[PDB]
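Everything below concerns the one structure shown next.
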Amino acid sequence: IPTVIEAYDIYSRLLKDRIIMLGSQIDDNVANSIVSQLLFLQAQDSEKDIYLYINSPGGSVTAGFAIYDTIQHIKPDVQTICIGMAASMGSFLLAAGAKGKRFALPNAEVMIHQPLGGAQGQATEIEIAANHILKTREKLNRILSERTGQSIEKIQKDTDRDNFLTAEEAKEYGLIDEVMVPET
Amino acid sequence: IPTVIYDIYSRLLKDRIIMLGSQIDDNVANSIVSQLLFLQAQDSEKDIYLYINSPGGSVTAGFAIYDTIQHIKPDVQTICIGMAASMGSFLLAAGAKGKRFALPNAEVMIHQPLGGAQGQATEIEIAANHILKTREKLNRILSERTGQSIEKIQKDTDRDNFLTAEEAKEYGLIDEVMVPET
Amino acid sequence: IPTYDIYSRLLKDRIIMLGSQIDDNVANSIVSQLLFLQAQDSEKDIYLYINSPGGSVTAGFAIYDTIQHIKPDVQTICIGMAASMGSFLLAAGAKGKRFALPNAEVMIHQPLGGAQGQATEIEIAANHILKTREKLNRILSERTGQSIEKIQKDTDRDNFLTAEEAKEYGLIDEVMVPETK
Amino acid sequence: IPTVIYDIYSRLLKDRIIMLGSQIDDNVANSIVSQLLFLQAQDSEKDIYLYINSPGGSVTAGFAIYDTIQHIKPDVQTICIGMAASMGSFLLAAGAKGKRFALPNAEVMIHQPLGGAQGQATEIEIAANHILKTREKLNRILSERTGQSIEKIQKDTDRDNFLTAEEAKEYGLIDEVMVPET
Amino acid sequence: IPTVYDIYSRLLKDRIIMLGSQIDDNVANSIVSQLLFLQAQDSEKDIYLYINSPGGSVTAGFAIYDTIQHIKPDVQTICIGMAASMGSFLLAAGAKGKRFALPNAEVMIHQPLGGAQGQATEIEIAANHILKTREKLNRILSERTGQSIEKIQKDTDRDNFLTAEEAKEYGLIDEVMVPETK
Amino acid sequence: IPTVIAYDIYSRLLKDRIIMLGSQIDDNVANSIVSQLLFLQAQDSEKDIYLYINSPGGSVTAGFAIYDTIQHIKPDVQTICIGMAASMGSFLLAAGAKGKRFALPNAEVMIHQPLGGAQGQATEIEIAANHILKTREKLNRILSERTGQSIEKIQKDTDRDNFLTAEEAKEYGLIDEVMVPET
Amino acid sequence: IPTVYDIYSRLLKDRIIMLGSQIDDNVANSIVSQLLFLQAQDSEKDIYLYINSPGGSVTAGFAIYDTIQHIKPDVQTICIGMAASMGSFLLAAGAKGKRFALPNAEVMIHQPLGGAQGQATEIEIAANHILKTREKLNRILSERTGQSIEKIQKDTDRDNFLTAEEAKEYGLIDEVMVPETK
Amino acid sequence: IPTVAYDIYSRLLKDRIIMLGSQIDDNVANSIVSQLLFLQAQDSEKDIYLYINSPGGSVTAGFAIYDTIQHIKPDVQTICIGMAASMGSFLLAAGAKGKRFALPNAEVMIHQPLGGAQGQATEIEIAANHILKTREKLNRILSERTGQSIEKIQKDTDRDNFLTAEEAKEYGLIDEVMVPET
Amino acid sequence: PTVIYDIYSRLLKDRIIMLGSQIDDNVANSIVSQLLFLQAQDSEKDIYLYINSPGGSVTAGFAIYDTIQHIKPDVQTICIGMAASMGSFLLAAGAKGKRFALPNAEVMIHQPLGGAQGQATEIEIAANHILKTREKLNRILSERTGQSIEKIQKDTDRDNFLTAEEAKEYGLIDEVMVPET
Ligand SMILES: *C(=O)[C@@H](C(C)C)[C@@H](O)C(=O)N[C@H](C(=O)N[C@H](C(=O)O)[C@@H](C)CC)C(C)C
Ligand SMILES: *C(=O)[C@@H](C(C)C)[C@@H](O)C(=O)N[C@H](C(=O)N[C@H](C(=O)O)[C@@H](C)CC)C(C)C
Ligand SMILES: *C(=O)[C@@H](C(C)C)[C@@H](O)C(=O)N[C@H](C(=O)N[C@H](C(=O)O)[C@@H](C)CC)C(C)C
Ligand SMILES: *C(=O)[C@@H](C(C)C)[C@@H](O)C(=O)N[C@H](C(=O)N[C@H](C(=O)O)[C@@H](C)CC)C(C)C
Ligand SMILES: *C(=O)[C@@H](C(C)C)[C@@H](O)C(=O)N[C@H](C(=O)N[C@H](C(=O)O)[C@@H](C)CC)C(C)C
Ligand SMILES: *C(=O)[C@@H](C(C)C)[C@@H](O)C(=O)N[C@H](C(=O)N[C@H](C(=O)O)[C@@H](C)CC)C(C)C
Ligand SMILES: *C(=O)[C@@H](C(C)C)[C@@H](O)C(=O)N[C@H](C(=O)N[C@H](C(=O)O)[C@@H](C)CC)C(C)C
Ligand SMILES: *C(=O)[C@@H](C(C)C)[C@@H](O)C(=O)N[C@H](C(=O)N[C@H](C(=O)O)[C@@H](C)CC)C(C)C
Ligand SMILES: *C(=O)[C@@H](C(C)C)[C@@H](O)C(=O)N[C@H](C(=O)N[C@H](C(=O)O)[C@@H](C)CC)C(C)C
């Protein structure tokens, strides 16, 4: 991870331009860092746009929602830019960017899918874990429906299995607003 | 495992005795079912004696044994030694009415089943519905076998429930405490 | 396993016990027992007890084809659980002679597989799995009287059936209810 | 593995049946070669029946079996059940002409051989030349047994090639799909 | 490892980015961040991307590919050692006329790899994704080299090793970098 | 491993003076084969023994236990290569009674110099090295005597792994005939 | 690794690069970056590359080799301890007349190693690549030493250990640096 | 490792002290050679002090340090604390003549080198000849540095030979046992 | 923790060295370097070596021991917690009159341990080395404590646990440090 002297690491230097880089799985540690960067940038300037680059296979649903809620909470618009792949919770966070300011680069991939879970132990414990997983899937689908303009029924059907979208397909689906095509 | 001129279990099988002294898996269930079918083929009318010292195991393996007991013509006596827990207590209760026994210091434990579910939300709901339906099936049969309500079985099996031989008799899991004749 | 061993003694009465996963070893043993029983008497029924979570599809087809090849009717009796390839073999018993005990479970599901390596290798592996699922669904359709379309839908996810539901579905002919003493 | 009064395989060997239901290694080849020599010594005239359900294994173990089949006087019928893949399909095609069979749902898979080569450039060259010469030998024999050109065998074995019983017959790997006895 | 700034941060000051590893999401994140930083420092001056890589993640490679095409500065690519798999794809992604290899540097092109485990329906989806990804890789390589998609497909079936001079003849690079004048 | 009525399949073939080597050669395998040869000699000191060889080789000393026992006993020991006779396997194939060494047509033969290992003090490594070189000279001298090739040619041809067809093994002098199938 | 800068960073100030490890892509990426940095500081002044290495990756070796030949400054090579395998290749890569070994340093030359796993067709491609790479290594070593390719091939079949004096007589180095005061 | 900013070792390096308190591998040799070159560059006339507490390690790593000591102009004093064994004792004996010391309770151990050889007979011969030639080289230099005959060095190093500080002075491995300050 | 130095570096400024670990070549290399550094800073002022150690390498111990005796400055030793095995040896090595233990500190003396593997001739050499090293340890402990070599040999056959006051009575330390004020 290289140093820049004006001593910043490369990410800290980009943070100075209100750029946040998500290039990993989403766990509580990654969520904690991204939330902290969003709170920091809001404290520096409550009006100016933030840029969230997303190259992520996803991870913890609750970690994702910590980032999701922080984005909607803060005053600044958060632009989302997909490079490489936004899968699972990654695609959910891509769709969570400011309306009109969700992008993918032309060869970026987007993948949508129902969440996974686990339940072990007594029949009564499995019933509680199963009810929580079902309610969480309904929450994820209602929000994706609101963010994309697709019906709940279509989101449910389209996320039963792994669903791979091109950047153009993701724009058609309403997960992003535009494909950033080369301009220079 | 000593020899008689047969291994000790094979010798006891000649007296229509089957020994369950392990967890219940598909292998154990396959052995006990085969011994029950063998004994019925030898004599369809003489009693069989099933000794149970088991912490339980596979629910489906237990149902293979349970259905074989009810299917064959011979009465199957159940005799609890040591402990009959979980699926072991289910099978203890499944013996011929009036021929279900525990030795005086044998323990009986009843408890709700366990299960597992890993993968997609849709897979977890399917696994959860299956676990709920299987728990209802176990409780319904335990109710029929003990003369207790499903409501009471459900309440009493939420947590581990340890019974003495006398408590198991009062509950209707067995008919008699088998006290030393001498 | 008391000791003929208990299985060897039941084989004398034309009973085969399947109480494990189906791999090439288990298929080799069951095929050998079917061929032996046909050689002993080509007219008398064989009884195949099935308590199995399934296993290798091709190992399952080695048993399936030997059952349909031999002259004797092979009765199938589900105890405990017939899942995956176990339910397929339960459905493969002689017509009118497919049974489950009252508390036995039947589970149907699409096959599983694996593909590793170059795109071209993954394509070949995927086409083989797809074609094998079509073969399984065609035979299940023929054996149950259900349409291929209904079999495809009902095997997408784990599908658990009671003995009665398995009879209604056409995987078995009768639930074997205990005889009055 | 049940007993008859013989293990089930030994009982079938009495009827000149050899069961291949595993991967092919030196141990399995040693056993099958020994059964072939034993059956020839019992009767040099009567057919032998080789059931094949195998993913294959060692090429040289396969050739030990292949050369024993061609060496002995009795015809060896080959019967594919489940799957005859890799060296298994090679052995299926090696059965007596007119007496190579597959059951209707049995699968056949043909593929170029695999190998390994580690160490010095000069060692890798010797190993790579050996693998290429072994593939030419396999293709020459498959060509002779199927009636396909060496060019077609080379093309059709570059990738895994899965055949139905009917496709295996049309290819010349087997003579007949065995229909049920009634 | 050494300090002057660590050696890499000192080269970054002169708009040089060193790729000397496998490409994963972490490496892609670092190289994308360097590209964005160099653009922010000067949107008009060339960037130099040295490539010694066996490749790695296709999607991680595409993060770098798209960032190169997106930014205003020309990105020169310079192959030292080996550019294989996704490394060769990124070498070919350099600004037209500014893609280089050193004389003894190697280039390897090959179709992508993948895995899929689970239900038939999951494997079909995984298979279709890998096939579509390969068409995408082939389309871009065709555009970057001037070779037909049909030729790219044929030439990447197996591992294809090229000398620097072969890589230039193919259109993967523009020039073999000759030694500076002493 | 099936039964014949009661013998296991290998015990039944042993009754017909057939010994099956279908494994790596270690001290246990050598002990078995040497015991079978001594048994078969005690049964009949005149009738041929048939030693089938499908072996990747193994221990040089284990191989020499089998070699010396073959040459010690009165009966001729035929050798028949099926699958592969490599390393010490090819050595034992060549050690069969002259005129009675065979390979089936698709059987492979591989000849190669021995391998070894030496760890510890320089003085220990010198002793290990001298033993390995002297053992190679012993192997080379006997292969020369068994094939009719010169020691110089054996030395050169075994530097690297040398794969021979059944026909190439016959031409080399490692076997006498390729047993061809009868129609 | 003491401070003064760490000790290696202080020596880099005097245009000294210390190779004291195996050569992998990380080590090559570091040494190439150091050569580029030193050329940018001064394009005329000599660079000093101390080599104590058992070698490593051939392609990582060629990344360093090509960078040495590419840059304007002469790169002196000084062998201490051992320059083996790719280390000997890099020692021979130094500016003609400025390749040295200390009196007790060892040089070892040997053919490259490789690995090939999988289908016969993959093994053929891997073997052809290894053989072509050995021809490239031999051609350059011939140019560096003034020894024929036929002699290099013969002398590198097995591990070939040279004293400093033998390495000079071979043409791998120009001079043995003998102590001036001791 | 405390700070004084310098780490404790860096602070001692400022006074031309180098601390060897570990096994000798290529990394440790790289560091010690780098410190020796740095100290000569700082002042070519002032003594350097090398403290040795080492069980030894790599022979070639040891020769990298040995040859650097003989190459540089400064006298390198050697001071044994704790133990100088194997290559540590070799380096102790290689100090400036008259300036090789041990502390009174320090131990010196001399022993023949160890090695390994695996693979083909021809490979073992080459590895063996290399180990023998290396032992002759170590014995010759110890003979030159101690004034003992090569014959006596050979005999005295067959087995582990443990020396007191006073015995090491008597042997010629050191010049003086260092006497305490007042 | 940091002071504006890590805590150990801050104490080193006051001529305090902290040993709170096993003694290996790395720890000896660090402690010897600290002693040489403090002698060069001021050859007259006392050094303070805190010892809480189970011991470790005998030769690493002697690296420290010889450096303490070699340098001009007095090295005070202060036992806190436990000075066992080579730790007790180093505690005894402090300047006579400036060897201390805190009141609840423990001292343990014991013969050295070793290992020998391989040929009979190798085992004989290793056994002789261990015996001569025990004689060396006993001679120096005798010189440092005023106890006879024969008493030290007797008292160190087995683990011998000493309180701070028993350690003073033995001659391993000079004083038990009483609380200030
Ligand atoms: C994509 O990002 C998914 C996986 C990482 C592939 C992600 O959406 C997901 O399902 N994550 C799972 C998760 O957080 N599940 C929670 C949980 O068990 O806590 C459920 C409550 C969601 C219904 C991980 C794999 C457990
Ligand atoms: C007592 O025997 C129970 C455990 C061994 C403690 C036993 O009844 C049980 O719950 N076994 C579990 C089981 O078979 N569960 C099945 C299943 O997962 O298939 C559920 C369907 C039952 C609701 C074992 C531990 C999985
Ligand atoms: C039920 O028995 C299934 C699993 C054991 C749960 C069984 O039907 C199944 O799919 N088995 C898989 C199998 O044999 N797959 C083969 C294969 O990969 O070769 C496919 C060709 C089947 C379409 C096992 C789990 C791999
Ligand atoms: C099918 O049976 C193949 C594999 C088991 C899938 C089989 O034909 C095969 O290639 N086996 C390989 C083999 O025996 N290879 C030899 C060898 O390397 O010794 C080569 C010489 C073949 C040309 C096994 C998997 C190594
Ligand atoms: C060269 O760089 C290839 C390998 C690293 C050697 C690379 O191009 C490749 O195929 N990588 C594979 C990849 O990323 N595959 C993805 C995937 O399965 O997730 C496919 C979608 C691409 C068709 C990985 C590293 C398996
Ligand atoms: C072929 O059979 C060889 C190997 C199994 C590939 C075999 O000839 C061989 O070299 N075996 C080795 C052996 O026995 N080596 C002894 C030894 O080190 O004791 C040497 C004395 C032989 C010169 C095994 C692999 C060590
Ligand atoms: C000496 O440095 C050699 C080894 C480290 C002993 C080195 O020259 C060598 O052969 N390295 C090997 C290598 O890079 N091989 C490549 C490869 O397999 O990718 C060949 C293609 C080069 C002929 C390492 C050991 C793999
Ligand atoms: C003492 O320091 C010796 C060992 C550490 C005990 C040391 O001198 C030694 O022998 N080291 C060995 C070594 O470097 N051996 C080389 C080698 O195999 O490369 C020999 C060629 C030297 C004769 C290590 C332990 C391998
Ligand atoms: C107390 O510190 C002792 C043990 C750590 C408990 C310590 O004095 C000791 O005996 N250490 C041993 C040691 O250094 N032994 C050397 C050796 O084997 O090299 C002997 C020569 C000492 C006579 C360690 C535990 C090996």
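Below, chain A is the first sequence line, B the second, and so on; all start at residue 1. In what follows, every heavy atom counts, from backbone to side chain, and hydrogens, waters and symmetry copies are set aside.
If you check the side chains of G/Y48 and G/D14, you find no donor sitting under 3.5 Å from an acceptor. At a cut-off of 3.5 Å, with distance as the only test, a side-chain donor of D/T157 or D/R135 sits close to an acceptor on the other residue.
Between D/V59 and D/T134, some side-chain heavy-atom pair lies under the 4.5 Å cut-off.
With a threshold of 4.5 angstrom between heavy atoms, D/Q118 approaches chain G through its backbone and through its side chain. Both the backbone and the side chain of G/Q119 come within less than 4.5 Å of a heavy atom in chain D. Both the backbone and the side chain of G/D157 come within less than 4.5 Å of a heavy atom of chain D.
Taking the six-membered ring where the residue is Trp, G/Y65 and G/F89 present tilted rings, their angle falling between 30° and 60°.
Without hydrogens or angle criteria, G/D74 side chain to G/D46 main chain gives no donor-acceptor distance under 3.5 Å.
Here G/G118 is the residue among G/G118, G/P112, G/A126 with the most heavy-atom pairs under 4.5 Å with chain D. When D/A128, D/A117, D/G116 are compared by the number of non-hydrogen pairs under 4.5 Å with chain G, D/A117 comes out ahead.
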